[PDB]
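Chemist: Chains as they are written, first to last, in PDB author numbering: chain A, 32 to 300; chain B, 32 to 300; chain C, 5 to 371; chain D, 50 to 391; chain E, 148 to 196; chain F, 1 to 49.
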Amino acid sequence: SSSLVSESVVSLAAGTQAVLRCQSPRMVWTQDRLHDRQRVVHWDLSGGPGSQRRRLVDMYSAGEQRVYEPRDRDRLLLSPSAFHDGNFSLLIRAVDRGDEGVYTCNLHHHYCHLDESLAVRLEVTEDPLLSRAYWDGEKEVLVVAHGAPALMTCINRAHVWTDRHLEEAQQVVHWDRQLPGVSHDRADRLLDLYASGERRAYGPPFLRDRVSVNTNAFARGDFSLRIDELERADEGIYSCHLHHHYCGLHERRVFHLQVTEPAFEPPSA
Amino acid sequence: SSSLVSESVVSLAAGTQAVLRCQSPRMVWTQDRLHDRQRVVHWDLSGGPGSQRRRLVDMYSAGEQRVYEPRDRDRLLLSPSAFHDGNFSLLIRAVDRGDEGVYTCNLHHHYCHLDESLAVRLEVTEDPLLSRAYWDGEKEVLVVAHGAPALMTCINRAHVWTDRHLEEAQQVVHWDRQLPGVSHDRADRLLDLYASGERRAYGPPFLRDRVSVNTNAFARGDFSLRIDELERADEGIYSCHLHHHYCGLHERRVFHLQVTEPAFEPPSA
Amino acid sequence: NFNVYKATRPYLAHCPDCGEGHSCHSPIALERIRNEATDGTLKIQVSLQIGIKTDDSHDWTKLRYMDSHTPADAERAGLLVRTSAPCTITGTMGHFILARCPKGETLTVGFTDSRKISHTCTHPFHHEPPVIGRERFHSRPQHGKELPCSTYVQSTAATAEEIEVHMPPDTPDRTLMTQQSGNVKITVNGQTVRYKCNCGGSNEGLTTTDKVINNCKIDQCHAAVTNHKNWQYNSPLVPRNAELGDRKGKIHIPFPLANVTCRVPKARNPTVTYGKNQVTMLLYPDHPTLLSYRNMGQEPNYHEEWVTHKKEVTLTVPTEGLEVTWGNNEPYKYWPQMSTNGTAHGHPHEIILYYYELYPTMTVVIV
Amino acid sequence: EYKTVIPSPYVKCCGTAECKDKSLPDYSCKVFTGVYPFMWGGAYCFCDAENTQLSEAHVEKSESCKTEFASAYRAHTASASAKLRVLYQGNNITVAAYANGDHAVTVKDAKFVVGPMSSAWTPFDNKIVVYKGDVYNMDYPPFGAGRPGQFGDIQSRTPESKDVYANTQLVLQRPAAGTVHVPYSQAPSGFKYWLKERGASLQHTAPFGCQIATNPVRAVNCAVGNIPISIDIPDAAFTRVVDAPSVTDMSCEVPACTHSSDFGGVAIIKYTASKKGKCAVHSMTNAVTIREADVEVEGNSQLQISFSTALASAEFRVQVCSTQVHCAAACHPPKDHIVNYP
Amino acid sequence: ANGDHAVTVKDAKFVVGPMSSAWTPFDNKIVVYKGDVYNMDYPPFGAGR
Amino acid sequence: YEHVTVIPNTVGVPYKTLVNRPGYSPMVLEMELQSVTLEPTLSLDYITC
Ligand SMILES: *[C@@H]1O[C@H](CO)[C@@H](O)[C@H](O)[C@H]1NC(C)=O
Ligand SMILES: *[C@@H]1O[C@H](CO)[C@@H](O)[C@H](O)[C@H]1NC(C)=O
Ligand SMILES: *[C@@H]1O[C@H](CO)[C@@H](O)[C@H](O)[C@H]1NC(C)=O
Ligand SMILES: *[C@@H]1O[C@H](CO)[C@@H](O)[C@H](O)[C@H]1NC(C)=O
Ligand SMILES: *[C@@H]1O[C@H](CO)[C@@H](O)[C@H](O)[C@H]1NC(C)=O
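#1: With a threshold of 7 Å on Cβ separation, who are the neighbours of A:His-140 within its own chain once the five nearest residues in sequence on each side are excluded?
#2: Can you check DSSP and say which residues form a bridge with A:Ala-176?
#3: Starting from C:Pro-352 and walking both ways along the beta strand (DSSP E), at which residues does that stretch end?
#4: Please determine, among A:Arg-208, A:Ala-189, A:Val-242, A:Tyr-233, the residue with the shortest C-alpha to C-alpha distance to A:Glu-266.
#5: Within the continuous beta strand (DSSP E) that includes B:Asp-207, where are the two ends?
#6: Once the 5 residues before and after C:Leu-16 are set aside, which same chain residues still bring their CB inside 6 Å of it?
#7: Might you give, ordered along the chain, the residues of its own chain that have their beta carbon closer than 6 Å to the beta carbon of D:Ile-278, omitting 5 neighbours on each side?
#8: Given that a residue counts as buried once 16 or more other Cβ atoms are within 10 Å of its Cβ, and exposed if not, what is F:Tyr-24?
#9: CA-CA distance, D:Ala-145 and D:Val-154?
#10: List the residues that DSSP assigns as beta-bridge partners of C:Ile-255.
#11: I want to verify the contact list: residues of chain E whose CB lies under 9 Å from the CB of D:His-230, in sequence order.
#12: If we cut at 7 Å on Cβ distances, does D:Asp-212 have a partner in chain B?
#13: Hey, how far is the Cα of C:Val-369 from the Cα of C:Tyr-359?
#14: Does the structure place the region 172-192 of chain A close enough to the region 33-46 of chain B that three or more beta carbon pairs sit under 8 Å?
#15: Is C:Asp-43 closer than 7 Å to C:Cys-153 when the C-beta atoms are compared?
#16: Does the region 249-262 of chain A come close enough to the region 123-136 of chain A that 3 or more CB-CB pairs lie under 8 Å?
#17: Contact check, C:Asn-299 vs C:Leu-326 under 8 Å by CB: the rounded distance?
#18: Determine, for F:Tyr-46, whether the minimum Cβ-Cβ distance to residues of chain E falls below 7 Å.
#19: Can you find the residues in the same chain that come closer than 6 Å, C-beta to C-beta, to A:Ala-150, ignoring five residues on each side of it along the sequence?
#20: Is A:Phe-249 close to chain D, meaning its C-beta is less than 7 Å from at least one C-beta of that chain?
#21: Can you tell me whether B:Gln-96 is buried or exposed? The criterion is at least 16 other CB atoms within 10 Å of its CB, across all chains shown.
#22: Thinking D:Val-178 and D:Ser-120 are a contact (beta carbons under 8 Å), I'd like their distance in whole angstroms, please.
#23: List, in order along the chain, the chain A residues whose C-beta lies closer than 8 Å to that of C:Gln-158?
#24: Using beta carbons (cut-off 7 Å, strictly below), is A:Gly-94 in contact with chain C?
#25: According to DSSP, C:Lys-47 sits in a beta bridge with which residue or residues?
#26: Could you tell me how far apart the beta carbons of A:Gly-117 and A:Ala-189 are, in whole angstroms, since I believe they sit closer than 8 Å?
#27: Using 8 Å for Cβ pairs, my map puts D:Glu-341 next to D:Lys-325. What's the rounded Cβ distance?
#28: Would you identify the three-state DSSP class for A:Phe-286, choosing helix, strand or coil?
#29: Closer than 7 Å is what we want: which residues have a beta carbon that near any heavy atom of ligand 4? List them in chain order.
#30: So, under 8 Å CB-CB, B:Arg-239 and B:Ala-232 are touching, yes? Tell me the CB distance rounded to an integer number of Å.
#31: Is the closest heavy atom of ligand 3 to the C-beta of D:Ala-121 under 6 Å?
#32: Show which residues of chain A have a CB atom less than 7 Å away from the CB atom of D:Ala-145.
#33: Any residues in the region 165-178 of chain C with a beta carbon nearer than 9 Å to a beta carbon of chain B? Which ones, in chain order?
#34: Would you call C:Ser-51 buried or exposed, if buried means 16 or more other Cβ atoms sit within 10 Å of its Cβ?
#35: Tell me which residues of the region 311-327 of chain C have at least one Cβ-Cβ distance to chain D shorter than 8 Å, keeping chain order.
#36: Which residues mark the beginning and the end of the beta strand (DSSP E) in which C:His-232 is found?
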């Protein structure tokens, strides 16, 4: 399926060229494996709204975690196989007053450009029997005794976070056309665009000559339909369908193209 | 989403003729539309397990009610437009002591050969304050004062019983084949049997020459395929699909055809 | 998550050229090679199961293997696939190895098990990737044409392919019986053991305990641990379940093929010069590339060759033009002309040289 | 590509098993008597003396057939189609019509009919074999008559059929001493071999410079013969002679002429126009060609035209707006011998 | 029946044709309706009467 | 042994063919046509309605 992004009605004059804009930074891919399968997990430390977040430790997919402060070495620890079940939890071997603050567990996909985060408030007390982890309504709160370890759990069992296959190969753009009178599901496919570069045009040769997409479509994430020499046979309900099945993006944009109206027309959305 | 009817594995010897059994009395139909849109309502009266039931009143779809007792004419009434909204309730103008017993409302559709019934026990008192309507756990019981009218509700708003297009026109039986190793959904269409009698076979001549169903298949509700001169290309998973989209009948039978076991075969299920 | 290997066993086989002069019984024994990709990768059917623990976990750093009726565990970084160099391993799953590997006449596999021994074995395999386009090259270039090609994708639960896994027959071990001066001491090692003897009393049957069998030697009898509780697949290097056809099982073979687009290097643009009626052309090759030419008249007169060194060749252009292509780049058209010098409208005869320029070898015949 | 499925050999210990005819393409079975296989603990079965080995093998389709396959097509006649750019009323219009002689296309009231091709020549023979980009003229063996090790050794009718025809010359041999394995003889693949001794494709060898593309298969720009074109021009485009300007006493001077592919002729024509307006300049002799359609005449001014010719001394008559002008030119040979455009 | 189809049944190879006569009852232009075919020189596309 | 024969294009007419292989008893094969199908080239020019 897909989700409706934006609607517009397009009224253009006969003899002109229609350009139906369909752009998205989330459909960008390139004809090279520019570390798309590379993800990053990182723990950040802040101390309220009036402090600067500091990157504490991060870890690339299929890699080892890197900590930025030599003092924190062998003290802030992640599971080395964190990407197998999605347990991105951080164990602090021995805590001090300098560790108090909000820790955010941030997952980031460099290819999908998604970020997800959770917060935990760390406060260091002196009594170990008061040490607890609880949910204050929107975040976990850690009370930790001095010198005790603190295991802040960060578990994300989504398939994108665990070491599944995670390269789709079949990001696809569809250009669909809904003619007057045709019921749904029987809409004619106009154009198939695979992220790998393949394009598929449908219809008799006389029609294929009039339907085109820019040659660097996936390079800029621009799949705008250009149809030269607008005819009444170009009228209908067009839909751009972006499908990234593995990362769960399924969106469509709808364009009502009518070619029966001169330069007096008002734009929508 | 098709309900399974019965599942079997069939093993027969090479060189013999296969008979793939697919039978159903509920798929019987003929070329003609002879009273297809015919339903019947009938109310029955009983008086416990040790008395003989008597049919009281019946009515055909788009027709008027027939009463069997001359005294009860113009006294026992159904709505003449009962079949438009599925309001098959029965209004009896005035009750008496002889009317006590269990009344059953029966709807029957002659094309799907469906019958559905519910019972209500009518008991006639003399005091109006003892009159109540309750559900005993499996049937409604109506307590009615003597001489008052009784509206016994029988409402079934299912699409098969209401007055709407109610014309099938496209029941289809499908014969499918799932080749060994080849997964489902990309299965080759083998046979289409349309309610009108037309069949559609696909494939090269080597396959079409051997696949047939008797010409009165849907007339007798027997869709067994007889395949002469069994070849290895006939082995696989066959599926007979009866589709009645209107009556909500969607059934299939699945056959694992293996070639082995000439007279020693165990007939599965 | 994708755990269908829950009852198979990473069986041990007989590898027919284990190196060091002779064959062996080995767990690592590859059986079937797949090379159907155009671009030059290899898919390997091996006798192991990789990335699965003995409790069928998703521990993707270990590997199961059979040795002496034991499914034991080693680790994933010990693998080496080789033909003439270490091949670049890409995809490890079960009986299935996906790797990319340079030119070589053989193929061996080898790795370190849990007892620190690099078991290695090979097969002959004339591995040569086919040419793509018109070029023989070395590495993936900067820029080139985008030709269709085929490769194996790293998905796992792909249906529409099957192999049949089943019950193992037996395994004869003569490491069981010991001679007690005419007796034998059959052990069981917590299993189900078949014996068969040329020995009165206990000649046939199936024992479950340790036995002492009187007045008949070790080699007079038989000993074979009969597994029943797990699965092996039908190998053509394993004896069958020795009564009839295979017990039914189900394992799909993962990592299917797909179309893909792959870059091929462009040619180096050659240097041309133009002589009277004809062309001369020096080419700059760096890896062996073919060159072809035809004309566009009635007949093709088609010629071609591969080249490796820099050559300067001449080509006669006819009046109907010439076409020459070189590398992946565009076919070069060429057309003749009404020459640099002739003899213009002059006081001497001074037409006939001109009357060669149009129409050589003819129309001087009507002179 | 085919796949030879060889299951586990049926070892019949101290007795003789017999394989029956189990129908499969190129089904091969051989029972070898007197075999003595060696296993982990010696001979696999204790009853040593009469062991026999039942070897079974069969060929089936590979999964790669769904991706990697070659198709044999029968090509008989081609439907010709053309794209024409027309400078009509000062504007470039593109028309797409079937060059078969029965496809009238009307654009801006102008009816176009490209006729039937004068020559019925086609570079394709009756039998074609296609592998995605390249197509070959090859006399493939008929269906059910393939030869081993050559193109057509394994044949199926469609990529999803289940029955298949095979001729691979599979004959099973007696296994070696002690080792348990299933030896089988030679089995080359004709499809995988054809990809090496394939030769030049039709893309490079076809005459007349035909460029062939696939998906669907087509021959582009085959320079063969001529083509008739009929134009039913409407009457709004025409202007009467009186409404057009009258020009008179025209003279032509040729300061430079070179018979070449490029703009080698330049002519300055002095004229006298009665009024302002457009004019169609045209050469009445086919041996010289004018590369300008419309000229704006004003009055007692001069026009410059560019012409291309093959004649060295071009004596030709030019009709402008129904008035005749004689032009006498002399042209020199060019400096260059090879041009990249015809 | 083209002379280009070998069929093996019970080890017997049958190859049939090619037909000696290339005659066909159809002309170059035909028009087909529901179950009827007519040999008709239909008007070309874009030039109807 | 390859036997080449020619029969007339008549359906429903049984033809006898004599196979005479030297050193073997002669064999007569009976031939019966069922149908001869001529599938013409399908190129849709246009539709009318
Ligand atoms: C997550 O990892 C921590 C160690 O960082 C471990 O103690 C904890 O048990 C893990 N969670 C689960 C559910 O296994
Ligand atoms: C059914 O019909 C009766 C009249 O025949 C009417 O009184 C009753 O309200 C109807 N039922 C419903 C649910 O409206
Ligand atoms: C790849 O593309 C070709 C082009 O038609 C097609 O034949 C093949 O089936 C495709 N393969 C996949 C896996 O999509
Ligand atoms: C028509 O196309 C040709 C192609 O080069 C060009 O030279 C000419 O200027 C075009 N005419 C107009 C009016 O654009
Ligand atoms: C019958 O109707 C179906 C659907 O309306 C259509 O596709 C088909 O072409 C028709 N066939 C004939 C012979 O009219």
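Backbone N, C-alpha and C define an ideal beta-carbon position, used for all residues, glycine too.
Modeler: In terms of the structure at hand:
#1: Translated into positions along the first sequence, residue 140 of chain A becomes position 109. Contacts found: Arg-70, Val-191.
#2: For this step, residue 176 of chain A is matched to residue 145 along the first sequence. Per DSSP, A:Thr-156.
#3: Position 348 of the third sequence, counted from the start, is the residue given in the question as residue 352 of chain C. Neither: C:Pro-352 is in no beta strand (DSSP E) and is coded neither H nor E.
#4: Stepping through the first sequence from its first residue, residue 266 of chain A is reached at position 235. Looking at the Cα atoms, A:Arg-208 is the closest of the given residues.
#5: The residue labelled residue 207 of chain B in the question sits at position 176 within the second sequence. From DSSP, the beta strand (DSSP E) with B:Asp-207 extends over 203-209.
#6: To locate residue 16 of chain C, count along the third sequence from 1; it is residue 12. Within the same chain, C:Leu-16 has close Cβ partners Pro-31, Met-70.
#7: Working through the fourth sequence from its first residue, we reach residue 278 of chain D at position 229. Result list for D:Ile-278: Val-163, in chain order.
#8: Along the sixth sequence, one-based indexing puts residue 24 of chain F at 24. Exposed, because fewer than 16 other Cβ atoms sit within 10 Å of the Cβ of F:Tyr-24.
#9: The residue given as residue 145 of chain D occupies position 96 in the fourth sequence. The residue given as residue 154 of chain D occupies position 105 in the fourth sequence. Cα to Cα, the separation comes out at about 8 Å.
#10: For the purposes of this step, residue 255 of chain C is identified with residue 251 of the third sequence, where counting begins at 1. C:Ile-255 is bridged to C:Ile-167.
#11: The residue labelled residue 230 of chain D in the question sits at position 181 within the fourth sequence. Residues of chain E passing the Cβ test: none, with the nearest at roughly 31 Å.
#12: By 1-based counting over the fourth sequence, the position of residue 212 of chain D is 163. Yes, because at least one Cβ of chain B sits closer than 7 Å to the Cβ of D:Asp-212.
#13: As a position in the third sequence, residue 369 of chain C is number 365, starting the count at 1. As a position in the third sequence, residue 359 of chain C is number 355, starting the count at 1. In a straight line, the C-alpha of C:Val-369 is about 11 Å away from that of C:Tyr-359.
#14: no
#15: The count along the third sequence starts at 1 and reaches residue 153 of chain C at position 149. The count along the third sequence starts at 1 and reaches residue 43 of chain C at position 39. Contact: yes.
#16: no
#17: Stepping through the third sequence from its first residue, residue 299 of chain C is reached at position 295. Stepping through the third sequence from its first residue, residue 326 of chain C is reached at position 322. Yes, they are in contact, since the Cβ atoms of C:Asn-299 and C:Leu-326 sit about 5 Å apart, within 8 Å.
#18: Against the sixth sequence, residue 46 of chain F aligns to sequence position 46. Judged by the 7 Å Cβ criterion, F:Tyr-46 is in contact with chain E.
#19: Working through the first sequence from its first residue, we reach residue 150 of chain A at position 119. Contacts found: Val-133, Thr-135, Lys-170.
#20: The residue you call residue 249 of chain A lines up with position 218 of the first sequence. False, the Cβ-Cβ gap to chain D never drops below 7 Å.
#21: As a first step, residue 96 of chain B must be located in the second sequence, where it is residue number 65. Flag for B:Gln-96 reads buried.
#22: As a first step, residue 178 of chain D must be located in the fourth sequence, where it is residue number 129. As a first step, residue 120 of chain D must be located in the fourth sequence, where it is residue number 71. Contact holds; Cβ gap of about 7 Å.
#23: Working through the third sequence from its first residue, we reach residue 158 of chain C at position 154. Ordered by position in chain A, the residues that pass the 8 Å Cβ test against C:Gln-158 are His-196, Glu-198.
#24: The count along the first sequence starts at 1 and reaches residue 94 of chain A at position 63. Chain C, which has no Cβ nearer than 7 Å to the Cβ of A:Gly-94, makes this no.
#25: If you number the third sequence from 1, residue 47 of chain C lands on position 43. C:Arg-38, C:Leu-102.
#26: Counting from one through the first sequence, the residue named residue 117 of chain A turns up at place 86. Counting from one through the first sequence, the residue named residue 189 of chain A turns up at place 158. 7 Å between Cβ atoms; contact.
#27: Within the fourth sequence, numbered from 1, the residue matching residue 341 of chain D stands at position 292. Within the fourth sequence, numbered from 1, the residue matching residue 325 of chain D stands at position 276. 18 Å between Cβ atoms; not a contact.
#28: Here residue 286 of chain A corresponds to residue number 255 of the first sequence, with the count starting at 1. DSSP places A:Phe-286 in strand when its eight states are reduced to three.
#29: D:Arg-134, D:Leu-136, D:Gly-139, D:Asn-140, D:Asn-141
#30: Your numbering for residue 239 of chain B matches position 208 in the second sequence. Your numbering for residue 232 of chain B matches position 201 in the second sequence. That belief holds up - the Cβ atoms of B:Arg-239 and B:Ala-232 are roughly 5 Å apart, short of 8 Å.
#31: Within the fourth sequence, the letter at position 72 stands for residue 121 of chain D. No, the Cβ of D:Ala-121 stays beyond 6 Å of every heavy atom of ligand 3.
#32: Taking the first residue of the fourth sequence as 1, we reach residue 145 of chain D at position 96. The answer, in chain order, is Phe-237, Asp-240.
#33: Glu-165, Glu-166
#34: As a first step, residue 51 of chain C is located in the third sequence; it is residue number 47 there, counting from the start. Result: buried.
#35: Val-321, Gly-325, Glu-327
#36: Sequence index remark: in the third sequence, residue 232 of chain C carries index 228 (1-based). Element bounds for C:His-232: n/a, residue is neither H nor E.
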